[PDB]
Structures are given as C-alpha cells and as structure tokens.
file start31.cif (mmCIF, C-alpha atoms; chains and numbers go by the auth columns)
data_entry
loop_
_atom_site.group_PDB
_atom_site.id
_atom_site.type_symbol
_atom_site.label_atom_id
_atom_site.label_comp_id
_atom_site.label_asym_id
_atom_site.label_seq_id
_atom_site.Cartn_x
_atom_site.Cartn_y
_atom_site.Cartn_z
_atom_site.B_iso_or_equiv
_atom_site.auth_seq_id
_atom_site.auth_asym_id
ATOM 1 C CA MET A 1 16.614 -30.308 -10.808 0.00 1 S
ATOM 2 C CA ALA A 2 13.378 -28.462 -9.945 0.00 2 S
ATOM 3 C CA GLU A 3 11.055 -27.152 -12.685 0.00 3 S
ATOM 4 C CA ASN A 4 8.501 -25.839 -10.160 0.00 4 S
ATOM 5 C CA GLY A 5 6.294 -23.397 -12.104 0.00 5 S
ATOM 6 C CA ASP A 6 6.629 -20.241 -14.237 0.00 6 S
ATOM 7 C CA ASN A 7 6.407 -17.690 -11.396 0.00 7 S
ATOM 8 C CA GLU A 8 3.341 -16.363 -13.258 0.00 8 S
ATOM 9 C CA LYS A 9 1.389 -16.227 -9.972 0.00 9 S
ATOM 10 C CA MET A 10 3.717 -13.415 -8.829 0.00 10 S
ATOM 11 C CA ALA A 11 2.593 -11.334 -11.825 0.00 11 S
ATOM 12 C CA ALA A 12 -1.051 -11.416 -10.680 0.00 12 S
ATOM 13 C CA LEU A 13 0.028 -11.089 -7.027 0.00 13 S
ATOM 14 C CA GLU A 14 2.015 -7.918 -7.824 0.00 14 S
ATOM 15 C CA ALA A 15 -1.143 -6.071 -8.938 0.00 15 S
ATOM 16 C CA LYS A 16 -3.172 -7.373 -5.968 0.00 16 S
ATOM 17 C CA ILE A 17 -0.663 -5.809 -3.544 0.00 17 S
ATOM 18 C CA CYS A 18 -0.885 -2.403 -5.266 0.00 18 S
ATOM 19 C CA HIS A 19 -4.703 -2.586 -5.315 0.00 19 S
ATOM 20 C CA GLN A 20 -4.784 -3.135 -1.534 0.00 20 S
ATOM 21 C CA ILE A 21 -2.616 -0.068 -0.888 0.00 21 S
ATOM 22 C CA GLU A 22 -4.964 1.734 -3.274 0.00 22 S
ATOM 23 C CA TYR A 23 -7.868 0.877 -0.940 0.00 23 S
ATOM 24 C CA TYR A 24 -6.378 2.904 1.966 0.00 24 S
ATOM 25 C CA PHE A 25 -4.849 5.645 -0.220 0.00 25 S
ATOM 26 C CA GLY A 26 -7.129 5.287 -3.288 0.00 26 S
ATOM 27 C CA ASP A 27 -8.808 8.547 -2.137 0.00 27 S
ATOM 28 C CA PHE A 28 -11.481 6.369 -0.453 0.00 28 S
ATOM 29 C CA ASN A 29 -9.745 5.705 2.887 0.00 29 S
ATOM 30 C CA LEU A 30 -7.946 9.082 3.109 0.00 30 S
ATOM 31 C CA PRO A 31 -11.239 10.965 3.438 0.00 31 S
ATOM 32 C CA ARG A 32 -11.990 8.593 6.348 0.00 32 S
ATOM 33 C CA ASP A 33 -8.671 6.988 7.349 0.00 33 S
ATOM 34 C CA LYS A 34 -8.350 7.037 11.169 0.00 34 S
ATOM 35 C CA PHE A 35 -5.430 4.593 11.296 0.00 35 S
ATOM 36 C CA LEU A 36 -3.728 6.097 8.222 0.00 36 S
ATOM 37 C CA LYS A 37 -3.882 9.519 9.908 0.00 37 S
ATOM 38 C CA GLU A 38 -1.880 7.999 12.769 0.00 38 S
ATOM 39 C CA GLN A 39 0.892 6.752 10.448 0.00 39 S
ATOM 40 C CA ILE A 40 0.945 9.957 8.363 0.00 40 S
ATOM 41 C CA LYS A 41 0.976 12.112 11.519 0.00 41 S
ATOM 42 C CA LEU A 42 3.629 9.913 13.187 0.00 42 S
ATOM 43 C CA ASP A 43 6.613 11.678 11.573 0.00 43 S
ATOM 44 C CA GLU A 44 7.125 12.935 7.985 0.00 44 S
ATOM 45 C CA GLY A 45 4.026 10.983 6.881 0.00 45 S
ATOM 46 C CA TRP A 46 6.103 7.929 5.923 0.00 46 S
ATOM 47 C CA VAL A 47 4.130 4.796 6.841 0.00 47 S
ATOM 48 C CA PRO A 48 5.696 1.388 7.398 0.00 48 S
ATOM 49 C CA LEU A 49 4.428 -1.618 5.426 0.00 49 S
ATOM 50 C CA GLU A 50 4.002 -3.191 8.874 0.00 50 S
ATOM 51 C CA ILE A 51 0.630 -1.445 9.151 0.00 51 S
ATOM 52 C CA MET A 52 -0.178 -2.742 5.648 0.00 52 S
ATOM 53 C CA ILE A 53 1.389 -6.211 6.048 0.00 53 S
ATOM 54 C CA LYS A 54 -0.243 -6.622 9.483 0.00 54 S
ATOM 55 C CA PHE A 55 -3.791 -5.513 8.615 0.00 55 S
ATOM 56 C CA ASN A 56 -6.055 -8.401 7.537 0.00 56 S
ATOM 57 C CA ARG A 57 -6.899 -6.220 4.512 0.00 57 S
ATOM 58 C CA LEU A 58 -3.490 -6.872 2.894 0.00 58 S
ATOM 59 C CA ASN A 59 -1.945 -9.466 5.247 0.00 59 S
ATOM 60 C CA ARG A 60 -4.392 -11.937 3.656 0.00 60 S
ATOM 61 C CA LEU A 61 -2.590 -11.488 0.311 0.00 61 S
ATOM 62 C CA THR A 62 1.171 -10.830 0.108 0.00 62 S
ATOM 63 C CA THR A 63 2.402 -9.299 3.397 0.00 63 S
ATOM 64 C CA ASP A 64 5.959 -9.863 2.101 0.00 64 S
ATOM 65 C CA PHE A 65 7.883 -6.607 2.656 0.00 65 S
ATOM 66 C CA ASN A 66 10.082 -7.535 -0.334 0.00 66 S
ATOM 67 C CA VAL A 67 7.163 -8.744 -2.495 0.00 67 S
ATOM 68 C CA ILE A 68 4.793 -5.946 -1.412 0.00 68 S
ATOM 69 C CA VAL A 69 7.374 -3.196 -2.012 0.00 69 S
ATOM 70 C CA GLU A 70 8.561 -4.693 -5.329 0.00 70 S
ATOM 71 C CA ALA A 71 4.996 -4.781 -6.713 0.00 71 S
ATOM 72 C CA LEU A 72 4.099 -1.249 -5.556 0.00 72 S
ATOM 73 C CA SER A 73 7.667 0.012 -6.128 0.00 73 S
ATOM 74 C CA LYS A 74 7.311 -0.513 -9.901 0.00 74 S
ATOM 75 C CA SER A 75 3.535 -0.988 -10.307 0.00 75 S
ATOM 76 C CA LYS A 76 1.298 1.975 -9.399 0.00 76 S
ATOM 77 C CA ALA A 77 4.322 3.484 -7.609 0.00 77 S
ATOM 78 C CA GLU A 78 3.396 6.851 -9.087 0.00 78 S
ATOM 79 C CA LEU A 79 0.186 7.540 -7.139 0.00 79 S
ATOM 80 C CA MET A 80 1.904 8.109 -3.775 0.00 80 S
ATOM 81 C CA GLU A 81 5.616 8.389 -2.913 0.00 81 S
ATOM 82 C CA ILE A 82 8.061 5.763 -1.587 0.00 82 S
ATOM 83 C CA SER A 83 11.283 6.326 0.397 0.00 83 S
ATOM 84 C CA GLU A 84 14.683 4.997 -0.749 0.00 84 S
ATOM 85 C CA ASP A 85 14.641 1.791 1.342 0.00 85 S
ATOM 86 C CA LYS A 86 11.320 0.849 -0.310 0.00 86 S
ATOM 87 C CA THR A 87 10.089 -0.279 3.135 0.00 87 S
ATOM 88 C CA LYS A 88 7.535 2.496 3.765 0.00 88 S
ATOM 89 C CA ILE A 89 4.632 4.285 2.026 0.00 89 S
ATOM 90 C CA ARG A 90 3.176 7.810 2.327 0.00 90 S
ATOM 91 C CA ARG A 91 0.466 9.991 0.738 0.00 91 S
ATOM 92 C CA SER A 92 1.706 12.845 -1.480 0.00 92 S
ATOM 93 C CA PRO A 93 1.040 15.941 0.620 0.00 93 S
ATOM 94 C CA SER A 94 1.577 17.952 -2.570 0.00 94 S
ATOM 95 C CA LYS A 95 -1.215 16.004 -4.314 0.00 95 S
ATOM 96 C CA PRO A 96 -4.899 16.626 -3.609 0.00 96 S
ATOM 97 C CA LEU A 97 -7.075 13.678 -2.586 0.00 97 S
ATOM 98 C CA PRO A 98 -10.674 13.666 -3.671 0.00 98 S
ATOM 99 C CA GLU A 99 -13.527 11.748 -2.022 0.00 99 S
ATOM 100 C CA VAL A 100 -15.351 8.956 -3.891 0.00 100 S
ATOM 101 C CA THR A 101 -19.065 9.403 -4.677 0.00 101 S
ATOM 102 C CA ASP A 102 -21.619 7.026 -3.114 0.00 102 S
ATOM 103 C CA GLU A 103 -24.015 5.059 -5.353 0.00 103 S
#
call {"tool": "encode", "arguments": {"input": "start31.cif", "output": "structure tokens"}}
result
Amino acid sequence: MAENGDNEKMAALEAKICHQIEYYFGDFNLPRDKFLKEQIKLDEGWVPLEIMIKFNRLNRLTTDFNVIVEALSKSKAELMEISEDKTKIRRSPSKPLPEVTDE
C-alpha cells in the first residue's frame, strides 16, 4: 500500500543537477574558477561532489551524492570525466575550455 507519485520529479531534477555542474565547468567558471582550481590542483584533478553538494549553488537543489552522480553519470556525463566510484568530478585536461562572451 503506497501509491505515492510517479517519480517524474526525479526526471526534471536529474537535468537540474547536470546544469549546476555545467555552471562551474560549463566553460564559464573554469576561466574564472578560484575554488575549482583548488579541487583540480588538489591531486589528479578529481573533485569530490562534496564541494558541489556543499555549495549553495547546487546544495539548494539535489545535493544527494547518489542522485547527483546518477543524473550527471548518465546525463551530460560526456562533457567532463567521472571516476569509477561515481563520487567525484573533474575537467577533461585533454579538452580545451573556451571562455563565454559577454553581452
């Protein structure tokens, strides 16, 4: 006995999580990412979703390591690269990142 909903909200939430990661890596933040530079410089460039799930930018949406990774792991998981545990994100060092134009 339950019949809660259709889990459709997760479908729209999956894209929202990928869009947030796109904000820091979407070529816009990389050209001026001070915090991202710290995670990428840390070691190997692999960043932990803790930085993403703790920042008000994304923490105000999913913040669920399992939900955040699942959405980006299969949706828009081609832009950057993800480790095997699916609990970290990094910018493709072998891929160029262009700056966005203003106005």
call {"tool": "closest_residue", "arguments": {"input": "start31.cif", "among": "S:96, S:11, S:82, S:24", "to": "residue 44 (chain S)", "atoms": "all atoms listed in the file"}}
result
S:82
call {"tool": "residues_around", "arguments": {"input": "start31.cif", "residues": "residue 87 (chain S)", "least_positions_apart": "5", "cutoff": "7 Å", "atoms": "all atoms listed in the file", "output": "PDB file with C-alpha atoms, in the frame of the given file"}}
result
ATOM      1  CA  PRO S  48       5.696   1.388   7.398  1.00  0.00           C
ATOM      2  CA  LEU S  49       4.428  -1.618   5.426  1.00  0.00           C
ATOM      3  CA  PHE S  65       7.883  -6.607   2.656  1.00  0.00           C
ATOM      4  CA  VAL S  69       7.374  -3.196  -2.012  1.00  0.00           C
TER       5      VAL S  69
END
call {"tool": "closest_residue", "arguments": {"input": "start31.cif", "among": "S:16, S:7, S:90, S:56", "to": "residue 43 (chain S)", "atoms": "all atoms listed in the file"}}
result
S:90
call {"tool": "resolve_selection", "arguments": {"input": "start31.cif", "expression": "the PyMOL selection byres ((chain S and resi 27) around 10)", "output": "ChimeraX atom specification"}}
result
/S:22-26,28-33,91,96-100
call {"tool": "atom_distance", "arguments": {"input": "start31.cif", "atom1": "CA of residue 61 (chain S)", "atom2": "CA of residue 8 (chain S)"}}
result
15.6 Å
call {"tool": "resolve_selection", "arguments": {"input": "start31.cif", "expression": "the PyMOL selection byres ((chain S and resi 53) around 12)", "output": "list in words"}}
result
residues 17, 20, 21, 47, 48, 49, 50, 51, 52, 54, 55, 56, 57, 58, 59, 60, 61, 62, 63, 64, 65, 66, 67, 68, 69, 87, 88 and 89 of chain S
call {"tool": "closest_residue", "arguments": {"input": "start31.cif", "among": "S:34, S:45, S:103, S:14", "to": "residue 80 (chain S)", "atoms": "all atoms listed in the file"}}
result
S:45
call {"tool": "atom_distance", "arguments": {"input": "start31.cif", "atom1": "CA of residue 19 (chain S)", "atom2": "CA of residue 78 (chain S)"}}
result
13.0 Å
call {"tool": "axis_aligned_box", "arguments": {"input": "start31.cif", "around": "region 33-40 of chain S", "padding_each_side": "6 Å", "output": "lines of an AutoDock Vina configuration file"}}
result
center_x = -3.9
center_y = 7.3
center_z = 10.1
size_x = 21.6
size_y = 17.4
size_z = 17.4
call {"tool": "closest_residue", "arguments": {"input": "start31.cif", "among": "S:42, S:2, S:36, S:18", "to": "residue 77 (chain S)", "atoms": "only C-alpha atoms"}}
result
S:18
call {"tool": "atom_distance", "arguments": {"input": "start31.cif", "atom1": "CA of residue 95 (chain S)", "atom2": "CA of residue 79 (chain S)"}}
result
9.0 Å
